[PDB]
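The chain below stands alone and is given in structure tokens; this is the form deposited in one PDB entry.
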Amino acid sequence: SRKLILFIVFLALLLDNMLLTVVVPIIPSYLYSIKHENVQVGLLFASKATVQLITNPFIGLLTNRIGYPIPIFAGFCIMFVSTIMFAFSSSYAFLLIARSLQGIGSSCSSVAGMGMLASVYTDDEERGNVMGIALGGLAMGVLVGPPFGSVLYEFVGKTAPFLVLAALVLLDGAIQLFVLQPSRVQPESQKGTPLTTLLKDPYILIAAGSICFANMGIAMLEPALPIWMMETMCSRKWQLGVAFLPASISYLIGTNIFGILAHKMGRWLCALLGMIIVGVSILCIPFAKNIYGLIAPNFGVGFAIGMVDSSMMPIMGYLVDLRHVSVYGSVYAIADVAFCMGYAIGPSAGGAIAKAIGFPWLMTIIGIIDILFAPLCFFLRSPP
């Protein structure tokens, strides 16, 4: 009964993303009110991803020395403290500290859970099958975070969403203490193929680069689209929110379908087609004149990104099993880093380029870069 571990990682990802998307609208308003009663806000937004990026390799090295369960339970304890600090703290320094601890706990959870999933489901097809479901938790959390936070802030109070999240985190921790049972410290068997040797591999580099560019696309699209919308179409407030919902729905559908469908078609071909489709959709985005023109390209973007992730997350596993020692916590530490890249320099770099040249040229450059990198996935094909 290893489905409990899958449920644990699914819940961890879901709750992490729920907190991430719940905290996003509340912080700018009351922070500005307290200042009354650009650089710092960008620093606050990027601190979580920066700290996660910095602490990924250390978790990758520590899971080899002590194992997965102790790092996972620490992810529950840091995320519980971050959720209670977010609920009770109202100053800038305490906010920065909470967002940074959230980053540390999210690094622990992501790296250790992906390593444990890869080590428990050692079959090649089942690995992708379960990683698709686990990646679906991110989409579910992003989808259900904003409405949950909005209603709970609307009716009960400001601290109510955070207290409810804390109760759910406690339930998750109780389940973890029942099944995971992190009582003693157990070392792993063999060595870990140090990061310096793994970073010289061109195939791992190609997979990581594909993930990084595919995610940086949406990471720079998401905060730069409403600014263009309000100036071109003069859209209303709710239309700014409902326009990016097709991306979140299509990501869920595409992940859950292609986690199973990528093995039969070919992981390299699925990644190549995902790159081509996301590039074409980003290129067609600037031509839209009203919300209905934007519905379809967003669906294409989400579908393609789901394809790419659900094909390239299980391959990072297959490449170390094939060319290195079968220890996963340090290779997934690389993969997670790719994600953090998109979340670290995404919004800031996207803003400056858009002010300097314009938004259609930014989208054209993203699309051209994705289209040109797509042939590189041809080298990822299995030799037989």
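Don't overthink the numbering: it's just position in the shown sequence, from 1. Between two forms, the rigid core is defined as the largest C-alpha subset superposing within 1.5 Å.
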Among the other entries that model both neighbours of residue 27, does it go unmodelled in a third or more? no
Would you mind checking whether residue 323 is unresolved in the model of at least a third of the other PDB entries compared? no
Please count the deposited residues lying between residue 37 and residue 38 that the model leaves without coordinates, and give the class: none, 1 to 3, 4 to 9, or 10 or more. 10 or more
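One more form of this protein should be noted, the form deposited in another entry, which is absent from this view; the next part is about it.
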Which one moved? Candidates are 78, 257, 288, 87, criterion is a Cα shift of 2 Å or more between the shown form and the other one after superposing on the core. 288
Does residue 266 shift between the shown form and the other one by 2 angstroms or more at the C-alpha, the core having been superposed? no
Indicate whether residue 203 shows a C-alpha shift of 2 Å or more between the shown form and the other one, with the rigid core used for the fit. no
Exceeds or equals 2 Å, Cα of residue 192 between the shown form and the other one, core fit: no
